[PDB]
Every structure is written in structure tokens, then in C-alpha cells.
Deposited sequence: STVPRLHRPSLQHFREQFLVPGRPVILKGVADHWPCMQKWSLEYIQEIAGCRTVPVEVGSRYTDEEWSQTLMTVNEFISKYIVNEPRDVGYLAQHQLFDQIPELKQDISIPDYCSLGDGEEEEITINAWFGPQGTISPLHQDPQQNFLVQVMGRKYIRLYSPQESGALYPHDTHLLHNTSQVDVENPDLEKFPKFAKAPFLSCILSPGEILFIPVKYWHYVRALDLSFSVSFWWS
């Protein structure tokens, strides 16, 4: 079944019906008028960030460094040879002029943490970037600015059917390939219930703390995640 969509729910409505019980929801009408929604093009990103060094994941992922200009030329526009992903980078601490184009969702103030401790990551890459099914240790607002993303969500109650890796460093990551699972090795995965959605520009997906999520970009995509408690 699909993640529910609510237009600008009250802080109390969000707190009681989603944050406290830990239920995913897509928030409409919240981020859809942030300046990033109309301003962020490849052209704007190149103008404001082109010459800055960014970390890039190259898909068995390896990690390298290059300028934003280099990243767009090699992994976005010029019939890329491999998949490059400007992933989980605090681009707005590096480039404060870009932080003017976003805000922190008001719903974050329902958390128990300081606003200064909210981690804001950029997720900028071509069509076809894929995450492993994984869980994070904080709440998350994932804001879609450019393009769409297909996302699959499994509650923490279903962890047993997701076969987490046995190593400590990877215990938060599933061994299963969500979209082509090995049911001979991971048979419990097939009957695990889940929510899914296509997240589109202007929309905010609330991923509850420790909720397992899987993310595949359907187009050239730019997302901003807010990790908060």
C-alpha cells in the first residue's frame, strides 16, 4: 500500500498520528514553495557550486573527490560510463549561499534535539542511483527538489525478514536486493509487508527513526534530507 499524503497537517496532528507511533507520511504544501523548487537547475547549481570540491560515490561503491562541475560533466550529462552519486554530503554547510534556498521544516521543533544539531545532506545524482535497504538512527524529512524517486519502506517490526548483515558496521543494512530478491536465500522477504511511493518535487517524505528505506532515483534527481531527533 501507498504512503499517505497530507497537506500541511498541524504540528499536533503530525506529532500524534505519525511522529510518536512512527508511521511514514508524505507532507504536501510544506516545501513546495521553497526557493529551491524553482531555482535549482543544473545551470544554477553549476553557477553557485561548480568550482567546489564534493565527495562522489562511484558504483561495490568507491569514493572519490571532484568539483561539482566535474561531477555534472562526467556522471550526469555526458552519457555516463558509471553511476556517480553526490550522496550524503553537507553541501549547505559548505556553500551557505545555497542554504538560503531551503528551510528547516517546522515539524522538527517537535523533536527533543537542538536545531543546531540537525544534519542537512544533499543527494544529487543521475537517474538510476540506488541505496541499499537500510535504517538510520534519527528521524528524517526527505525533501524532493528535482526529479522523482521510488522509495520502499519496511517497519522496524519486519527486521527479521530483511536479513541484516552480521557485521557490526553493516547491521543497519539489509542483505537483500529489494527489487530483485534472492528468495532461495532470503525466503522470508517475499511476505514482508511494506509501504512504497514515488516521491515527486515539492513533496516531503517523513521516514520515522529506524524505519528501513530503499531509494531509487527515476530521473535526474536532487533531494535534501533533514536528520533530526
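No alpha-carbon coordinates exist for the deposited sequence positions 60 to 65, which form the chain's only such stretch.
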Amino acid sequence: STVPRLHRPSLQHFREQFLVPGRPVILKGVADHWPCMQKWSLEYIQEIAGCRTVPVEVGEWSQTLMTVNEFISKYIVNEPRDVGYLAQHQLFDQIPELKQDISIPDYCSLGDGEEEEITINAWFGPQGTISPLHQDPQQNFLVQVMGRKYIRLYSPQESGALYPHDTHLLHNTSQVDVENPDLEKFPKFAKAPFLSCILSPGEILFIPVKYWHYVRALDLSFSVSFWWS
From here on, numbers count along this sequence of modelled residues.
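Rigid core (definition): largest C-alpha set, two forms, superposition within 1.5 Å.
Between 61 to 69 and 197 to 205, greater CA displacement relative to the shown form is found for 61 to 69 when the structures in 5 other deposited structures of this protein are fitted on the core. Taking the mean C-alpha B-factor of each stretch as recorded, 70 to 78 and 136 to 144 are not equal, and the higher mean is that of 70 to 78. For the pair 189 to 197 and 162 to 170, the mean B factor over Cα atoms is greater in 162 to 170. When the C-alpha B-factors of 89, 99, 149, 152 are read from the PDB record, the largest value belongs to 99.
Sort the chain's modelled residues by C-alpha temperature factor and residue 182 lands in the middle third, per the entry.
Per the deposited record, the Cα B-factor of residue 203 falls in the lowest third when ranked against the other modelled residues of its chain.
Split the chain's modelled residues into thirds by C-alpha temperature factor. Residue 157 is in the highest one. In the deposited entry, the Cα temperature factor of residue 105 places it in the middle third of its chain's modelled residues. In the PDB entry, residue 23 places in the middle third of its chain by CA B-factor.
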